[PDB]
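Just the one chain here, laid out as structure tokens, in the form deposited in one PDB entry.
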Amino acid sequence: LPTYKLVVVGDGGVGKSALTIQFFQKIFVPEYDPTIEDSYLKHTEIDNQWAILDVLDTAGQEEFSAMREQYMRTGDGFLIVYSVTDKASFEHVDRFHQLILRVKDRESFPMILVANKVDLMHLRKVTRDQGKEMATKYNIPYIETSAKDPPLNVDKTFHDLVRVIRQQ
């Protein structure tokens, strides 16, 4: 019974924990801020095939973390998340991409570029074409999400990484 180790990375504040908790626990809690990384594990059915999804919500803190390096090293696919209301997080997407391809020592590896917080329409600084242009440049899928209820593409984001892994 296959296990897909997934890693969520991206700048501080982009929604990594929000997206993750929305996926597993089906909730949005504005006040929830975990300082340290959490992992999560659930059976899940993607296109009629069950899998265990084993997901790390990375915490981007400066200190060394044993768990985090394990997941980075053994991970099957990454979600690279930025926030559409934080232009810096989008500029810093290159850091993450580059980081993932070194740890893995590969030319490509299963990733999705995740443009989050698209409910905050009046604060949107990164446009849809900008994000798609950048997806294209790395040749990886682009998806827009919102962890907030009712969420958008949160389930699809996770299943789509699995899909990417599977059909690779």
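C-alpha atoms forming the largest set that superposes within 1.5 Å between two forms make up the rigid core. Start at 1 with the first residue shown and count on from there.
As recorded in the PDB entry, 93-101 is the stretch of 79-87 and 93-101 with the greater mean C-alpha temperature factor.
Once the C-alpha B-factors are averaged per stretch, 152-160 and 21-29 rank with 21-29 first. Which of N116, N139, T127, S39 has the largest Cα B-factor in the deposited entry comes down to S39. When the CA B factors of the chain's modelled residues are split into thirds, the value for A59 lands in the highest one. Per the PDB record, residue ranking by Cα B-factor puts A135 in the middle third of the chain. Split the chain's modelled residues into thirds by C-alpha temperature factor. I46 is in the highest one. Per the deposited record, the Cα B-factor of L123 falls in the lowest third when ranked against the other modelled residues of its chain. When the modelled residues of the chain are ordered by their C-alpha B factor, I143 lands in the lowest third.
The same protein also has a form deposited in another entry, omitted here; what follows describes it.
Annotation for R68: C-alpha shift of 2 angstroms or more between this form and the one not shown, rigid core superposed. Here's the thing about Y40 and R68: their CA atoms end up at least 3 Å farther apart in the other entry than they are in this form. Panel note: the distance between the CA atoms of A66 and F24 is larger in the other entry than in this form, the difference being 3 Å or more.
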